[PDB]
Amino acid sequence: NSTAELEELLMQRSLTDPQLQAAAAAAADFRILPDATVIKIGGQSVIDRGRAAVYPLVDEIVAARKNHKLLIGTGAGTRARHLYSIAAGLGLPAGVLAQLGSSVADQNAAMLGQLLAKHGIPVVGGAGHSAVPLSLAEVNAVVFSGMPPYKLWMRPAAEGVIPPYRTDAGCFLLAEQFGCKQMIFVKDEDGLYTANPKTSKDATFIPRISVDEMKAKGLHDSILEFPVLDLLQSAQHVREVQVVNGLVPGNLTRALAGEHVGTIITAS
């Protein structure tokens, strides 16, 4: 379908028209930041734990940016869960909770950024303004808060008022829409298990699994926000993700070097 056929459809049809949708699908595919890696630093799993968890990861970030462009997003953690509990008890809707949780991820980005400032790494709003930092060997990394911007327009879950799209989904969608080469989630477990390893004695480690396989095992909502798995299956650019343990020294460095630590989750 030529550009001419696409423009005619774009002008004459509703965007809902399947013929228009199909013509747009044939458009060229440009990756905005193809050589960058998006990293999510867990709020509850990492930053909430303080210096014992955060200081080693600061060292890894400083070492890794010598050879890797990094987009580092922060989670929210226990203070967001407290806000969610207060607001949910008041009957407030998901859109209001979404705004509250964003403030907590901002706090964590500020604390992490202040530990990195002397290394030249700034705190930015998001990947939209990472162009100059990522082009400088002196910096080559940025920190941002991982919450998506939906705010009051957050789509609610089928049940309950907890926002379904939180910092895992925010960071993933940033990797996807900027066409980044890699998405790494930094948590407090080695990876995916057959059961929650914190509340199960004999869970088995899973090095590699597809989204479909996860759902068939009953793991749709385990170590990642389960909306992320659905977004992953729809993604154009980021078709797999890696989940690693930020509490193991060097795990992030080794993941960036191509070592298969943790669990690789594939769209297909």
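Each residue number is its position in the shown sequence, starting from 1.
Student: So, looking at the entry's B-factor column for Cα atoms, which has the higher mean, 209-217 or 33-41?
Tutor: For C-alpha atoms only, the mean B-factor is higher in 209-217.
Student: Would you mind comparing 42-50 and 229-237 for me and telling me which has the higher average C-alpha temperature factor in the entry?
Tutor: In the deposited entry, the stretch with the higher C-alpha B-factor mean is 229-237.
Student: From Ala27, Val58, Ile223, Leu70, can you pick the one with the highest C-alpha B factor in the entry?
Tutor: Comparing C-alpha B-factors across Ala27, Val58, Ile223, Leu70, the maximum falls on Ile223.
Student: Say you rank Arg155, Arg79, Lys151, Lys181 by Cα B-factor from the PDB entry; which sits at the top?
Tutor: Checking the PDB record, the top C-alpha B-factor among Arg155, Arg79, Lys151, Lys181 is at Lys151.
Student: If you rank the chain by CA B-factor, which third does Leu9 end up in: lowest, middle or highest?
Tutor: For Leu9, whose C-alpha B-factor we compare with every modelled residue in the chain, the answer is the highest third.
Student: By the record's CA B-factor, is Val243 among the lowest, middle or highest third of residues in the chain?
Tutor: According to the entry, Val243 has a C-alpha B-factor in the chain's lowest third.
Student: Using only modelled residues of the chain, where does the Cα B factor of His119 rank: lowest third, middle third or highest third?
Tutor: As the PDB entry reports it, the C-alpha B-factor of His119 lands in the middle third of its chain.
Student: Among the modelled residues of this chain, does the Cα B factor of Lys187 put it in the lowest, middle or highest third?
Tutor: Middle third.
Student: Can you tell me which third, lowest, middle or highest, the CA B-factor of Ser85 falls into for its chain?
Tutor: For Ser85, the deposited C-alpha B-factor lands in the middle third.
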